[PDB]
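Colleague: First the structure, then my questions, so here it is.
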Ligand SMILES: *[C@@H]1O[C@H](CO)[C@@H](O[C@@H]2O[C@H](CO)[C@@H](O[C@H]3O[C@H](CO)[C@@H](O)[C@H](O)[C@@H]3O)[C@H](O)[C@H]2NC(C)=O)[C@H](O)[C@H]1NC(C)=O
Ligand SMILES: *[C@@H]1O[C@H](CO)[C@@H](O[C@@H]2O[C@H](CO)[C@@H](O[C@H]3O[C@H](CO)[C@@H](O)[C@H](O)[C@@H]3O)[C@H](O)[C@H]2NC(C)=O)[C@H](O)[C@H]1NC(C)=O
Ligand SMILES: *[C@@H]1O[C@H](CO[C@@H]2O[C@@H](C)[C@@H](O)[C@@H](O)[C@@H]2O)[C@@H](O[C@@H]2O[C@H](CO)[C@@H](O)[C@H](O)[C@H]2NC(C)=O)[C@H](O)[C@H]1NC(C)=O
Ligand SMILES: *[C@@H]1O[C@H](CO)[C@@H](O[C@@H]2O[C@H](CO)[C@@H](O)[C@H](O)[C@H]2NC(C)=O)[C@H](O)[C@H]1NC(C)=O
Ligand SMILES: *[C@@H]1O[C@H](CO)[C@@H](O[C@@H]2O[C@H](CO)[C@@H](O)[C@H](O)[C@H]2NC(C)=O)[C@H](O)[C@H]1NC(C)=O
Ligand SMILES: *[C@@H]1O[C@H](CO)[C@@H](O[C@@H]2O[C@H](CO)[C@@H](O)[C@H](O)[C@H]2NC(C)=O)[C@H](O)[C@H]1NC(C)=O
Ligand SMILES: *[C@@H]1O[C@H](CO)[C@@H](O[C@@H]2O[C@H](CO)[C@@H](O)[C@H](O)[C@H]2NC(C)=O)[C@H](O)[C@H]1NC(C)=O
Ligand SMILES: *[C@@H]1O[C@H](CO)[C@@H](O)[C@H](O)[C@H]1NC(C)=O
Ligand SMILES: *[C@@H]1O[C@H](CO)[C@@H](O)[C@H](O)[C@H]1NC(C)=O
Ligand SMILES: *[C@@H]1O[C@H](CO)[C@@H](O)[C@H](O)[C@H]1NC(C)=O
Ligand SMILES: *[C@@H]1O[C@H](CO)[C@@H](O)[C@H](O)[C@H]1NC(C)=O
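Residue numbers (full-length UniProt numbering), protein chains in the order written: chain V, 550 to 624, 632 to 676, 689 to 836; chain G, 899 to 1148; chain H, 750 to 836, 842 to 1048.
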């Protein structure tokens, strides 16, 4: 830590001052009876603000909870600390991003109302994001606005219903194929039974979730062979009988869009 | 068509609007459906919720697997290697260290899965409520079944999830009008039975609140209550009783 | 650190969990408040048919455009730390100096209180100037008397009742707003639902910090003195005891924080639903938007 002059008061021959976390906060010099307060030297997290790698390799770094005055103190890498790019934010001091006065809709959230984005040659800007367009509704005590037309707007809403059923064997996961370890683990009472009960409850609850969401009709209605629905066209959402799966065009699109390139089903 | 007229009456728009703009509404709905299919095909990040759920489950499982390769303070992370190198009375310490580490990993994984399952159960309860109140009905709740005045909804199956196509009625082309709370005809106050009084500059009409369909002010469009001097903002205008010219011709 | 390395990925697991909590906090705030993409503004002339919104409309006198009631609430609740980076709570203002030094910090919200107040101002101005139409599409202006008449027809009362009793209803509304202001200024625990959240977070952090003073079986509770007093080969076990105790402390704290964040997310979903159904429209659900006919 760092040592500094202290405005504290001590006993005639007191020694030091501890704090809440059982860490010494101040100390009296043994040689000369002078008191120093111990403040740990600067530390904090590091966040790297970047666009996509294909977009650019330029990055900006945010030293969280830190004014950049201790960046010259430790002046591992030090490439971007040349200066003229230092910006002070309430989320820490930002290095490598230009500050601009105007406002835009947020692209990369930094904190305390500051966002970063890649704009025009090309550089990373840091701005106080705008909450939205201004608007003064023409209110009057005798004026009204009435729609003379309309639009029919369809919007999507994706909701997760269930998740993957996983059941584990506690003993096998811990030390499968080990009699000595099986006997030793048996001394821990019923922990594996508790874990298996919890995971089985989750697995059954997944089926309950799916049933509650979907099985709300006891009769499987089907549309008539004549699609005379007043001109409305439901082909994209009605099932397509040609495919082996009796699901619609949009359903195929969704099932193809959801990718499991991670270890989800690759470990099948 | 009659179902959609029922929905229009549900949102406060007279069914004559649908019966006169059926072709336009069908075209708009078909265009919206095509736009949805294009967006779902070309977005590549639309199913973010389901993708995140799958990624979280996979990441938790891989973390649980990788925890099998940690010493947890023991001589080695391989139980067979520990057993071969050490005789059982001293090997029990290493085996117990591994047992504690692996059991702690299992407990952490199970607690995380319980919390995530609670989250998924909340989302599934929301999805069931949305199914019941949008697919099986017409919800008056604002922003529940999409933005705008909800009309009807379509469910679509998704991997470990559900997709709702919320069809809504959005007012589009506004126009300014001069309005009054009531009308003075013969010392009486006429309030709109179902609609709003609007002036196009020189004449006073009665219009439904959600669509400009001006109509002449009559005794059918309005009800009488009180006198003129009490209502703040009342205006003088003629209220035409259809029975009076009929008995004039009589 | 080397001794902790053999425990695997526990620290990165806890860091991921806490970061997820922190990001979903911003998600909750954005979901509740940023429900309008258009920042409406009240007209300079406040001719709202006798209704008085001055105590809920923003105050340009204050540097932050907060209403009188919003300022009352902010004075009422004494937060712990507002993300102020260290260059009557009586606990947190010194539990942000050493607590920060304990290798655990507090992040600032992405939306500043001024931005939250701007969302609130836009929502309230759009409401009082356009009824419920700004939540279904463009803001359609309408006199507030006629908007309230539409609300009366919604609750099943003829609009002639409002047009006959406009002065009385406006006076009652202003009196009720004044009563709310006086109750907020005089009360002690009306914002207890937020005070408990702040106190729970403070207690969790206090317990987590105080767990650094426990030996957990080691000779001392201070890592530096253990290392400076004993050689590595025998200090291994003392460091291991301290590591095990402090990892259990972090696991407990993070699990409690995850459960509490789930509770807060449920509350924020309820708040967003209440905003959508009560502020952006008129709700027929009984006792949802208050006691009575909404
Ligand atoms: C406000 O709405 C008024 C009613 O819709 C409208 O008055 C109407 O004006 C039109 C002319 O644009 C008249 O149409 C008639 O014009 C001639 C002369 O009267 C006739 O020979 C034709 O056959 C044709 O029917 C309407 O008669 C008249 N409405 C009434 C009830 O007399 C105003 O012009 C509108 N004003 C604005 C500013 O929009
Ligand atoms: C709506 O119609 C009302 C009734 O027709 C009308 O009230 C009438 O107002 C006029 C003048 O504004 C009065 O005429 C006389 O008023 C005073 C008497 O107080 C005389 O000194 C004047 O010289 C003038 O001759 C009518 O007496 C009065 N009618 C009634 C029943 O009180 C409203 O003014 C009309 N409002 C609008 C906006 O058109
Ligand atoms: C409805 O009217 C508002 C404003 O009221 C009118 O404004 C005058 C110009 C005149 O037309 C009078 O009849 C009214 O007093 C319109 O809002 C205006 O929009 C324009 C952009 O097109 C903007 O430049 C103005 O500043 C706005 N007015 C105010 C007071 O802010 C609105 O566009 C009108 N709606 C329609 C559908 O025409
Ligand atoms: C109401 O809006 C619809 C579309 O929003 C209008 O229909 C369009 O009309 C133009 C010509 O004015 C055509 O070029 C478009 O192809 C039409 N679109 C569709 C989807 O049919 C309609 O004219 C508007 N009606 C009024 C009275 O404003
Ligand atoms: C409903 O929409 C579908 C599109 O999904 C229409 O099918 C298209 O029809 C046109 C003209 O007949 C063809 O050129 C396309 O190749 C078809 N595409 C597909 C995917 O089938 C269908 O015709 C529409 N229904 C009606 C009654 O017009
Ligand atoms: C709305 O209410 C506020 C607060 O009650 C009113 O502000 C008062 O105005 C009077 C007249 O200038 C002052 O004497 C009071 O001191 C004000 N009170 C406060 C708390 O500042 C305001 O006037 C009301 N609006 C209208 C249109 O009357
Ligand atoms: C980061 O460090 C700088 C430099 O020490 C701080 O700037 C000082 O701020 C105080 C606050 O009023 C001024 O009185 C000093 O004159 C400033 N310069 C100095 C001390 O050299 C800055 O405040 C620090 N960051 C934060 C967030 O406090
Ligand atoms: C020890 O140091 C202090 C100040 O540095 C001095 O006053 C004192 O005389 C020293 N002790 C002896 C025994 O000289
Ligand atoms: C970056 O964008 C280009 C085209 O804009 C695309 O071809 C490339 O695949 C993108 N990078 C990645 C990693 O997908
Ligand atoms: C931003 O504004 C500040 C003062 O508001 C000014 O000193 C500075 O030069 C401005 N910078 C740019 C790039 O506009
Ligand atoms: C509407 O407000 C204006 C303010 O310019 C006022 O002159 C007029 O009398 C008011 N009308 C009503 C009906 O309140």
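Idealized CB from N, CA, C, for every residue including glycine.
Let me know the secondary structure DSSP gives residue 947 of chain H once reduced to three states.
Modeller: To locate residue 947 of chain H, count along the third chain from 1; it is residue 193. Helix.
Colleague: Return the Cβ separation of residue 1025 of chain G and residue 729 of chain V in integer angstroms, given the expectation that the two are a contact with Cβ distance under 8 Å.
Modeller: Residue mapping note: residue 1025 of chain G aligns to position 127 of the second chain, counting from 1. Residue mapping note: residue 729 of chain V aligns to position 161 of the first chain, counting from 1. Right, their Cβ atoms sit about 5 Å apart.
Colleague: Suppose you measure from the CA of residue 819 of chain V to the CA of residue 1130 of chain G; what does that come to, to the nearest Å?
Modeller: For the purposes of this step, residue 819 of chain V is identified with residue 251 of the first chain, where counting begins at 1. For the purposes of this step, residue 1130 of chain G is identified with residue 232 of the second chain, where counting begins at 1. Straight-line Cα distance between these residues: approximately 57 Å.
Colleague: Skipping 5 residues on each side, what residues in its chain have a beta carbon closer than 8 Å to that of residue 668 of chain V?
Modeller: By 1-based counting over the first chain, the position of residue 668 of chain V is 112. Contacts found: 645, 646, 647.
Colleague: Output needed in chain order: residues of the segment 775-809 of chain V with a Cβ under 9 Å from some Cβ in chain G.
Modeller: Hits within the stretch, in order: 776, 777, 778, 780, 781, 782, 784, 785, 797, 798, 799, 800, 801, 802, 803, 804, 805.
Colleague: Contact criterion: CB-CB distance below 7 Å. Does residue 722 of chain V meet it with respect to chain G?
Modeller: Mapped onto the first chain, residue 722 of chain V falls at position 154. Chain G, which has a Cβ nearer than 7 Å to the Cβ of residue 722 of chain V, makes this yes.
Colleague: Are residue 758 of chain H and residue 961 of chain G closer than 7 Å when you measure CB to CB?
Modeller: One-based indexing of the third chain puts residue 758 of chain H at position 9. One-based indexing of the second chain puts residue 961 of chain G at position 63. In contact: residue 758 of chain H and residue 961 of chain G (Cβ atoms closer than 7 Å).
Colleague: With 8 Å as the limit, tell me which residues of the segment 705-721 of chain V have their beta carbon closer than that to any beta carbon of chain H; keep them in chain order.
Modeller: 705, 706, 707, 708, 709, 710, 711, 712, 713, 714, 715
Colleague: Nearest to residue 956 of chain H by CA position, among H/790, H/828, H/887, is which residue?
Modeller: Position 202 of the third chain, counted from the start, is the residue given in the question as residue 956 of chain H. Checked all of H/790, H/828, H/887; the closest Cα to residue 956 of chain H is H/828.
Colleague: Which ranges does the beta strand (DSSP E) cover as unbroken runs of at least 3 residues, wholly within the segment 750-818 of chain V, from first to last along the chain?
Modeller: Counting only runs of 3 or more, we get nothing.
Colleague: Can you tell me whether residue 1104 of chain G is helix, strand or coil according to DSSP?
Modeller: As a working note, residue 1104 of chain G is residue 206 in the second chain. Residue 1104 of chain G falls in the strand class under three-state DSSP.
Colleague: Pull the bridge partners of residue 573 of chain V from the DSSP assignment, please.
Modeller: Along the first chain, one-based indexing puts residue 573 of chain V at 24. Residue 573 of chain V pairs with V/567.
Colleague: Assign residue 994 of chain H to one of two classes, buried (16 or more other C-beta atoms within 10 Å of its C-beta) or exposed (fewer than that).
Modeller: The count along the third chain starts at 1 and reaches residue 994 of chain H at position 240. The residue in question, residue 994 of chain H, is buried, as its Cβ has 16 or more Cβ neighbours within 10 Å.
Colleague: Using beta carbons (cut-off 7 Å, strictly below), is residue 834 of chain H in contact with chain V?
Modeller: As a working note, residue 834 of chain H is residue 85 in the third chain. At least one chain V Cβ lies under 7 Å of residue 834 of chain H.
Colleague: Is the beta carbon of residue 934 of chain G sitting closer than 7 Å to the one on residue 722 of chain V?
Modeller: Stepping through the second chain from its first residue, residue 934 of chain G is reached at position 36. Stepping through the first chain from its first residue, residue 722 of chain V is reached at position 154. Yes. Within cutoff.
Colleague: Just to check my reading of the structure: residue 905 of chain H and residue 1036 of chain H have Cβ atoms closer than 8 Å, yes? What is that Cβ distance to the nearest angstrom?
Modeller: As a working note, residue 905 of chain H is residue 151 in the third chain. As a working note, residue 1036 of chain H is residue 282 in the third chain. Sure, about 6 Å apart at Cβ, within 8 Å.
Colleague: For residue 969 of chain G, decide whether its Cβ has a neighbour in chain H, counting only Cβ atoms nearer than 7 Å.
Modeller: Translated into the one-based positions of the second chain, residue 969 of chain G becomes position 71. Answer yes: the Cβ-Cβ gap between residue 969 of chain G and chain H drops below 7 Å somewhere.
Colleague: Does residue 890 of chain H get closer than 7 Å to chain G when you measure Cβ to Cβ?
Modeller: Taking the third chain and counting its residues from 1, the one referred to as residue 890 of chain H is at position 136. Yes, residue 890 of chain H counts as interfacial toward chain G.
Colleague: Closest to residue 651 of chain V by CA distance: which of V/752, V/660, V/613, V/689 is it?
Modeller: Your numbering for residue 651 of chain V matches position 95 in the first chain. Selected option, being the one with the closest Cα: V/613.
Colleague: Helix, strand or coil: which one does DSSP assign to residue 1050 of chain G?
Modeller: In the second chain, residue 1050 of chain G corresponds to position 152, counting from 1. Three-state DSSP puts residue 1050 of chain G in a strand.
Colleague: With hydrogens ignored, establish whether the beta-carbon of residue 1125 of chain G is closer than 6 Å to any heavy atom of ligand 6.
Modeller: Here the question's residue 1125 of chain G lines up with position 227 in the second chain. Not one heavy atom of ligand 6 sits closer than 6 Å to the Cβ of residue 1125 of chain G.
Colleague: Measuring straight from C-alpha to C-alpha, what distance separates residue 939 of chain H and residue 1121 of chain G?
Modeller: Start at 1 with the first residue of the third chain, and residue 939 of chain H comes out as number 185. Start at 1 with the first residue of the second chain, and residue 1121 of chain G comes out as number 223. C-alpha separation (whole angstroms): 46 Å.
Colleague: Is there a C-beta anywhere in chain H that falls below 7 Å from the one on residue 667 of chain V?
Modeller: As a working mapping, residue 667 of chain V is identified with position 111 in the first chain. Chain H contact via Cβ: present.
Colleague: Does any C-beta atom of chain G lie closer than 7 Å to the C-beta of residue 1030 of chain H?
Modeller: In the third chain, counting from the first residue as 1, residue 1030 of chain H sits at position 276. For residue 1030 of chain H, the answer is yes, since a Cβ of chain G falls inside 7 Å of its Cβ.
Colleague: Check for me: the alpha helix (DSSP H) holding residue 919 of chain H runs from which residue to which?
Modeller: Stepping through the third chain from its first residue, residue 919 of chain H is reached at position 165. Run containing residue 919 of chain H: none; DSSP gives neither H nor E here.
Colleague: Under a CB-based cut-off of 7 Å, is residue 773 of chain H close to chain G?
Modeller: Sequence index remark: in the third chain, residue 773 of chain H carries index 24 (1-based). No, its Cβ sits nowhere closer than 7 Å to a Cβ of chain G.
Colleague: Which whole-angstrom value is the C-beta distance of residue 756 of chain V and residue 981 of chain G, which I expect to be below 8 Å?
Modeller: Start at 1 with the first residue of the first chain, and residue 756 of chain V comes out as number 188. Start at 1 with the first residue of the second chain, and residue 981 of chain G comes out as number 83. Contact doesn't hold; Cβ gap of about 19 Å is too wide.
Colleague: What residues in the segment 914-936 of chain H have a beta carbon less than 7 Å from any beta carbon of chain G?
Modeller: 914, 917, 918, 920
Colleague: So, is residue 633 of chain V buried or exposed, given that buried needs 16 or more other C-beta atoms within 10 angstroms?
Modeller: Locating residue 633 of chain V in the first chain gives position 77, where the first residue counts as 1. So residue 633 of chain V ends up on the exposed side.
Colleague: Is the closest heavy atom of ligand 5 to the C-beta of residue 884 of chain H under 6 Å?
Modeller: Taking the third chain and counting its residues from 1, the one referred to as residue 884 of chain H is at position 130. Because no heavy atom of ligand 5 lies under 6 Å away, the Cβ of residue 884 of chain H does not count as near it: no.
Colleague: So the candidates are H/908, H/903, H/924; which of them puts its Cα closest to the Cα of residue 915 of chain H?
Modeller: Stepping through the third chain from its first residue, residue 915 of chain H is reached at position 161. Checked all of H/908, H/903, H/924; the closest Cα to residue 915 of chain H is H/903.
Colleague: Could you tell me how far apart the beta carbons of residue 911 of chain G and residue 918 of chain H are, in whole angstroms, since I believe they sit closer than 8 Å?
Modeller: Start at 1 with the first residue of the second chain, and residue 911 of chain G comes out as number 13. Start at 1 with the first residue of the third chain, and residue 918 of chain H comes out as number 164. The pair is not a contact, with the Cβ atoms about 29 Å apart (cut-off 8 Å).
Colleague: Closer than 6 Å: is that where the CB of residue 641 of chain V sits relative to any heavy atom of ligand 10?
Modeller: Counted from its first residue, the first chain places residue 641 of chain V at position 85. No, Cβ of residue 641 of chain V sits at least 6 Å from all heavy atoms of ligand 10.
Colleague: So which residues of chain H does residue 843 of chain V contact, with C-beta pairs closer than 8 Å?
Modeller: Absent from the model: residue 843 of chain V. The displayed extent of chain V is 550 to 836, so no value can be given.
Colleague: Consult DSSP for residue 728 of chain V and reduce its assignment to one of helix, strand or coil.
Modeller: Here residue 728 of chain V corresponds to residue number 160 of the first chain, with the count starting at 1. Under the three-state reduction of DSSP, residue 728 of chain V is assigned to strand.
Colleague: DSSP three-state call for residue 1054 of chain H: helix, strand or coil?
Modeller: Limits of chain H in this structure are 750 at one end and 1048 at the other, which puts residue 1054 of chain H out of reach.
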